[PDB]
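One structure is given below, encoded as structure tokens.
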Amino acid sequence: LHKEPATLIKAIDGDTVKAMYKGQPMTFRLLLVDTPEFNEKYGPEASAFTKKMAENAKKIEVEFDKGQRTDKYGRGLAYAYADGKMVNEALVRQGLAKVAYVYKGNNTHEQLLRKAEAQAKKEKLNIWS
Ligand SMILES: Cc1cn([C@H]2C[C@H](OP(=O)(O)O)[C@@H](COP(=O)(O)O)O2)c(=O)[nH]c1=O
Ligand SMILES: [Ca+2]
């Protein structure tokens, strides 16, 4: 996999951000995770975490996997990085997202994220408290 440039337009919720990619606005849905909806417990916290991470970065980058690049809703499916740090991983590490939607063919960073989730669950963080 390789990182590609994108510029942040808006953080939307815990697991979706709008960003300019190859010069067009795209809503990206983070691969391999599921944050609560904003209306659910830890939703506002997941939203705030992704908003702070993305907005504070000097650069954002997106990294597509080997399989589907867009979902049925037209959303880009990617791993997003904020100054080299993966947002998908950070959310899971903080107990603000569960590893989810792991589809064969589009699961390159599955084990990285499952390692993170085990550690969040150990520390009983947020969703795991
Ligand atoms: C993360 C991810 C979500 N999706 C789809 C499956 C779910 O469809 P259904 O909407 O029919 O439930 C939906 C979940 O997104 P949200 O968690 O943003 O709702 O997005 C994918 O198709 N591929 C993916 O890699
Ligand atoms: Ca969600």
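So you can find residues: chains in the structure tokens are A, B, ... in the order shown, residues in each start at 1, and ligands are numbered from 1 in order.
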DSSP-assigned alpha helix (DSSP H) members of range 44-121 of chain A, reported as a PyMOL selection string = chain A and resi 44-56+87-93+110-121
If you keep C-alpha atoms, can you produce a file of those selected residues as a PDB file, in the first residue's frame?
```pdb
ATOM      1  CA  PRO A  44     -19.364  12.675  20.399  1.00  0.00           C
ATOM      2  CA  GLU A  45     -16.039  11.568  21.872  1.00  0.00           C
ATOM      3  CA  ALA A  46     -15.128   9.615  18.685  1.00  0.00           C
ATOM      4  CA  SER A  47     -16.152  12.610  16.573  1.00  0.00           C
ATOM      5  CA  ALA A  48     -14.016  15.000  18.626  1.00  0.00           C
ATOM      6  CA  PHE A  49     -11.011  12.680  18.590  1.00  0.00           C
ATOM      7  CA  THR A  50     -10.995  12.329  14.796  1.00  0.00           C
ATOM      8  CA  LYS A  51     -11.716  16.079  14.332  1.00  0.00           C
ATOM      9  CA  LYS A  52      -8.748  17.081  16.601  1.00  0.00           C
ATOM     10  CA  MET A  53      -6.403  14.573  15.020  1.00  0.00           C
ATOM     11  CA  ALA A  54      -7.221  15.517  11.427  1.00  0.00           C
ATOM     12  CA  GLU A  55      -7.444  19.321  11.958  1.00  0.00           C
ATOM     13  CA  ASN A  56      -4.250  19.554  13.965  1.00  0.00           C
ATOM     14  CA  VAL A  87      -6.272   7.642  12.555  1.00  0.00           C
ATOM     15  CA  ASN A  88      -8.023   4.249  12.158  1.00  0.00           C
ATOM     16  CA  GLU A  89      -5.439   2.662  14.544  1.00  0.00           C
ATOM     17  CA  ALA A  90      -5.532   5.567  17.019  1.00  0.00           C
ATOM     18  CA  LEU A  91      -9.301   5.377  17.376  1.00  0.00           C
ATOM     19  CA  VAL A  92      -9.201   1.611  18.093  1.00  0.00           C
ATOM     20  CA  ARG A  93      -6.188   2.068  20.491  1.00  0.00           C
ATOM     21  CA  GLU A 110      -6.363  -5.973  10.268  1.00  0.00           C
ATOM     22  CA  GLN A 111      -3.790  -7.457  12.599  1.00  0.00           C
ATOM     23  CA  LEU A 112      -2.346  -4.059  13.510  1.00  0.00           C
ATOM     24  CA  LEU A 113      -5.802  -2.877  14.490  1.00  0.00           C
ATOM     25  CA  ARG A 114      -6.779  -6.060  16.375  1.00  0.00           C
ATOM     26  CA  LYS A 115      -3.567  -5.681  18.419  1.00  0.00           C
ATOM     27  CA  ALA A 116      -4.690  -2.170  19.218  1.00  0.00           C
ATOM     28  CA  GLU A 117      -8.176  -3.260  20.194  1.00  0.00           C
ATOM     29  CA  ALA A 118      -6.818  -5.942  22.577  1.00  0.00           C
ATOM     30  CA  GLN A 119      -4.790  -3.243  24.336  1.00  0.00           C
ATOM     31  CA  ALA A 120      -7.780  -0.873  24.613  1.00  0.00           C
ATOM     32  CA  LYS A 121      -9.928  -3.683  25.982  1.00  0.00           C
TER      33      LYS A 121
END
```
Sort by chain and increasing residue number a table of all residues of chain A within 8 Å of ligand 2, each with its closest pair of atoms and their distance in Å to one decimal, counting only C-alpha atoms and all ligand atoms, and write it as a tab-separated table.
```
residue	atom	partner	partner_atom_place_in_ligand_line	distance
A:14	CA	ligand 2	1 (Ca)	7.1
A:15	CA	ligand 2	1 (Ca)	6.1
A:33	CA	ligand 2	1 (Ca)	7.9
A:34	CA	ligand 2	1 (Ca)	4.6
A:35	CA	ligand 2	1 (Ca)	4.5
A:36	CA	ligand 2	1 (Ca)	5.2
A:37	CA	ligand 2	1 (Ca)	5.2
```
Using only C-alpha atoms, which residues sit within 10 Å of residue 4 in chain A once same-chain residues fewer than 4 positions away are excluded, as a count of residues only?
-> 9
Could you tell me, counting only C-alpha atoms and all ligand atoms, which protein and nucleic acid residues lie no more than 10 Å from ligand 1, written as number ranges by chain?
-> A: 13-16, 28-37, 65, 67-78, 99-103, 106-107
CA of residue 82 in chain A to CA of residue 123 in chain A, distance in Å rounded to a single decimal = 24.1 Å
Given only C-alpha atoms, how would the per-residue table for range 84-125 of chain A near range 38-42 of chain A read, listing every residue at most 10 Å away with its closest atom pair and distance in Å to one decimal, sorted by chain and number, as a tab-separated table?
```
residue	atom	partner	partner_atom	distance
A:95	CA	A:42	CA	9.1
A:96	CA	A:42	CA	6.6
A:97	CA	A:42	CA	8.9
```
Writing out the chosen residues with N, CA and C atoms as a compact mmCIF listing (two decimals), in the first residue's frame:
```txt
# COMPACT_ATOMS: atom_id res chain seq x y z
N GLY A 95 -10.08 2.92 22.41
CA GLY A 95 -11.42 2.39 22.70
C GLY A 95 -12.54 3.31 22.21
N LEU A 96 -12.29 4.01 21.10
CA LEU A 96 -13.28 4.91 20.53
C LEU A 96 -13.85 4.32 19.24
N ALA A 97 -13.31 3.18 18.81
CA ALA A 97 -13.86 2.41 17.69
C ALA A 97 -13.61 0.95 17.88
```
Rounded to one decimal place, report the CA of residue 25 in chain A-CA of residue 85 in chain A distance in Å.
->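 So the answer is 22.1 Å.
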Counting only C-alpha atoms, figure out which residue out of A:5, A:84, A:105, A:43 gets nearest to residue 19 in chain A.
->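 Comparing A:5, A:84, A:105, A:43 against residue 19 in chain A, the winner is A:5.
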Could you pull out the strand (DSSP E) residues of chain A, going by DSSP on the backbone, and write them as a compact mmCIF listing (two decimals) with N, CA, C and O atoms, in the first residue's frame?
```
# COMPACT_ATOMS: atom_id res chain seq x y z
N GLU A 4 -1.24 8.53 -0.24
CA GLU A 4 -1.49 9.58 -1.26
C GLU A 4 -1.92 10.84 -0.56
O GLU A 4 -2.50 10.80 0.55
N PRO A 5 -1.67 12.00 -1.18
CA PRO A 5 -2.04 13.25 -0.55
C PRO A 5 -3.57 13.45 -0.52
O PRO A 5 -4.30 13.04 -1.46
N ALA A 6 -4.00 14.16 0.49
CA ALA A 6 -5.37 14.68 0.54
C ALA A 6 -5.32 15.89 1.44
O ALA A 6 -4.43 16.04 2.27
N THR A 7 -6.24 16.83 1.23
CA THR A 7 -6.36 17.94 2.12
C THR A 7 -7.68 17.93 2.84
O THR A 7 -8.77 17.84 2.19
N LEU A 8 -7.65 18.14 4.15
CA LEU A 8 -8.87 18.09 4.92
C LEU A 8 -9.84 19.20 4.47
O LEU A 8 -9.40 20.39 4.30
N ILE A 9 -11.11 18.83 4.27
CA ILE A 9 -12.24 19.82 4.02
C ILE A 9 -13.09 19.95 5.28
O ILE A 9 -13.27 21.07 5.78
N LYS A 10 -13.54 18.81 5.83
CA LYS A 10 -14.29 18.79 7.09
C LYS A 10 -14.20 17.42 7.75
O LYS A 10 -14.43 16.41 7.08
N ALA A 11 -14.04 17.39 9.08
CA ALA A 11 -14.23 16.15 9.84
C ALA A 11 -15.71 16.04 10.08
O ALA A 11 -16.34 17.00 10.45
N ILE A 12 -16.26 14.86 9.82
CA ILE A 12 -17.68 14.64 9.81
C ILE A 12 -18.13 13.93 11.07
O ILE A 12 -18.87 14.53 11.88
N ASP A 13 -17.64 12.70 11.30
CA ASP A 13 -17.81 12.06 12.59
C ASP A 13 -16.60 11.20 12.96
O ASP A 13 -15.49 11.44 12.45
N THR A 16 -15.66 9.21 9.57
CA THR A 16 -15.81 9.76 8.19
C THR A 16 -15.25 11.18 8.20
O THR A 16 -15.41 11.97 9.16
N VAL A 17 -14.51 11.46 7.16
CA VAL A 17 -13.98 12.82 6.98
C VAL A 17 -14.17 13.20 5.50
O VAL A 17 -14.15 12.35 4.61
N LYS A 18 -14.40 14.50 5.22
CA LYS A 18 -14.43 14.95 3.83
C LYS A 18 -13.07 15.55 3.49
O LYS A 18 -12.57 16.33 4.25
N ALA A 19 -12.49 15.15 2.38
CA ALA A 19 -11.15 15.65 2.05
C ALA A 19 -11.00 15.82 0.58
O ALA A 19 -11.60 15.10 -0.23
N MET A 20 -10.20 16.79 0.18
CA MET A 20 -9.87 16.88 -1.26
C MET A 20 -8.86 15.87 -1.75
O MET A 20 -7.70 15.88 -1.29
N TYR A 21 -9.23 15.03 -2.71
CA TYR A 21 -8.35 14.01 -3.14
C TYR A 21 -8.25 14.12 -4.61
O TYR A 21 -9.26 14.16 -5.32
N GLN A 24 -10.59 16.65 -6.04
CA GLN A 24 -12.05 16.65 -5.92
C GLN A 24 -12.42 16.30 -4.51
O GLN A 24 -11.75 15.43 -3.87
N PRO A 25 -13.49 16.90 -4.04
CA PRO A 25 -13.95 16.56 -2.68
C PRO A 25 -14.46 15.10 -2.66
O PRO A 25 -15.23 14.72 -3.56
N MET A 26 -14.10 14.36 -1.62
CA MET A 26 -14.47 12.91 -1.45
C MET A 26 -14.85 12.80 0.06
O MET A 26 -14.23 13.44 0.90
N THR A 27 -15.90 12.06 0.41
CA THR A 27 -16.07 11.68 1.82
C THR A 27 -15.41 10.33 2.00
O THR A 27 -15.62 9.41 1.17
N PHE A 28 -14.49 10.25 2.96
CA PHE A 28 -13.75 9.01 3.21
C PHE A 28 -14.36 8.35 4.43
O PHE A 28 -14.67 9.02 5.41
N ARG A 29 -14.59 7.05 4.31
CA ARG A 29 -14.99 6.21 5.47
C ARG A 29 -13.80 5.37 5.85
O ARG A 29 -13.22 4.70 5.00
N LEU A 30 -13.42 5.40 7.11
CA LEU A 30 -12.15 4.74 7.56
C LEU A 30 -12.32 3.22 7.47
O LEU A 30 -13.32 2.64 8.00
N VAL A 33 -12.85 -0.11 10.76
CA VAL A 33 -13.31 0.35 12.08
C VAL A 33 -14.79 0.70 12.10
O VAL A 33 -15.37 0.90 11.04
N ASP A 34 -15.33 0.88 13.32
CA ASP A 34 -16.68 1.44 13.45
C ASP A 34 -16.70 2.25 14.71
O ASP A 34 -16.54 1.73 15.82
N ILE A 60 -2.54 15.50 5.99
CA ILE A 60 -3.32 14.29 5.97
C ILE A 60 -2.91 13.48 4.72
O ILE A 60 -2.58 14.08 3.67
N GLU A 61 -2.95 12.13 4.80
CA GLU A 61 -2.71 11.30 3.66
C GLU A 61 -3.74 10.16 3.73
O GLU A 61 -4.22 9.86 4.80
N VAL A 62 -4.08 9.61 2.59
CA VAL A 62 -5.04 8.47 2.51
C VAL A 62 -4.34 7.36 1.79
O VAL A 62 -3.56 7.58 0.87
N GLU A 63 -4.69 6.13 2.17
CA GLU A 63 -4.03 4.97 1.70
C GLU A 63 -5.14 3.96 1.41
O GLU A 63 -5.82 3.48 2.35
N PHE A 64 -5.32 3.64 0.13
CA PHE A 64 -6.35 2.65 -0.24
C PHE A 64 -5.78 1.25 -0.03
O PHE A 64 -4.56 1.07 0.03
N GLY A 76 -15.08 7.03 -0.18
CA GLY A 76 -13.77 6.41 -0.32
C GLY A 76 -13.49 5.51 0.84
O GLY A 76 -13.86 5.87 1.95
N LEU A 77 -12.88 4.36 0.60
CA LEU A 77 -12.53 3.45 1.70
C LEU A 77 -10.99 3.46 1.92
O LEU A 77 -10.25 3.06 1.04
N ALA A 78 -10.54 4.04 3.03
CA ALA A 78 -9.08 4.22 3.15
C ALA A 78 -8.61 4.15 4.54
O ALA A 78 -9.38 4.30 5.51
N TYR A 79 -7.29 4.02 4.65
CA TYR A 79 -6.65 4.33 5.92
C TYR A 79 -6.19 5.76 5.88
O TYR A 79 -5.61 6.20 4.88
N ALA A 80 -6.48 6.52 6.92
CA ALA A 80 -6.12 7.95 6.87
C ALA A 80 -4.98 8.14 7.84
O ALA A 80 -5.03 7.60 8.95
N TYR A 81 -4.00 9.00 7.46
CA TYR A 81 -2.82 9.30 8.35
C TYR A 81 -2.70 10.77 8.61
O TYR A 81 -2.93 11.60 7.68
N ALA A 82 -2.49 11.14 9.88
CA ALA A 82 -2.37 12.54 10.29
C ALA A 82 -0.89 12.75 10.71
O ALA A 82 -0.45 12.15 11.70
N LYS A 85 0.82 9.24 11.34
CA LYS A 85 0.08 8.42 12.33
C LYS A 85 -1.33 7.98 11.84
O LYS A 85 -2.17 8.85 11.62
N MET A 86 -1.60 6.67 11.80
CA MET A 86 -2.93 6.25 11.31
C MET A 86 -4.09 6.58 12.27
O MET A 86 -4.12 6.23 13.44
N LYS A 98 -14.45 0.10 17.28
CA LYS A 98 -14.24 -1.35 17.28
C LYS A 98 -13.71 -1.70 15.91
O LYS A 98 -14.00 -1.01 14.91
N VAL A 99 -12.86 -2.70 15.87
CA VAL A 99 -12.51 -3.34 14.60
C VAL A 99 -13.79 -3.94 14.05
O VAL A 99 -14.52 -4.67 14.78
```
Suppose you want the space between CA of residue 57 in chain A and CA of residue 126 in chain A; what is it in Å?
->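 These atoms are spaced 23.6 Å apart.
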